[PDB]
């Protein structure tokens, strides 16, 4: 009655799973909790458990090696893979977004760029999340101290959002997508016995959520409000990640 095979089919059906990215999630998750590097054979059993070929893992590791995402050691006949220093710092920068408790009822603001600045959104710090609603105006989230003084900063009125705004925020804030992932995730009923099954399921549930949470806009999320699909979806993922727990591969 295997929980892995149907979950894989389901995730692939919404958006095909790119092995290199699944590997980045896997390596990222283990390094966050102490396992700085995973053996090639241990990694290979995870890739096989998923329904994939060890050949596919080699082509994924070659892609990631050349692109500076992964680093490799050879101690005798065993290969050891880990995220690169570049990849780890980038991974750590999104830890709170992925593993954290979430923004909850986060407030939003509207920011208007000066006339001289066409690509004004690039001038906005990494700490700020911005969803354009017009050529010069965007819905913003984050530290308002990071909003430059030459931008027009304006706050929400008691009024709701006009339909044209709600249409933008529903799309950028992945309301349909978080609902769809939660509905797919609802299928998982029991925790598997095997340490490998528990590990493969955790990486799959984590990858599905990682790929979405990092695609969605926190600004657009804050604009959707407390009833947003991201709340209930995060609620299930972090419950699932707790009931599956953390597995050191063997």
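Positions refer to the first chain, counted from 1.
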item	value
Selected stretch [higher average CA B-factor]: 186 to 194 or 22 to 30	186 to 194
Stretch with the higher entry mean CA B-factor, where the candidates are 138 to 146 and 74 to 82	74 to 82
Most elevated Cα B-factor in the entry, residues 173, 156, 118, 132	118
Given 35, 203, 42, 219, the residue at which the Cα B factor reaches its maximum	35
Cα B factor band for residue 199 (lowest, middle or highest third within the chain)	middle
Chain-relative CA temperature factor third for residue 168	middle
Residue 59, C-alpha B-factor rank within chain (lowest, middle or highest third)	highest
Entry-reported Cα temperature factor of residue 96, expressed as the chain third it lands in	lowest
For residue 111, the third of its chain into which the C-alpha B factor falls	lowest
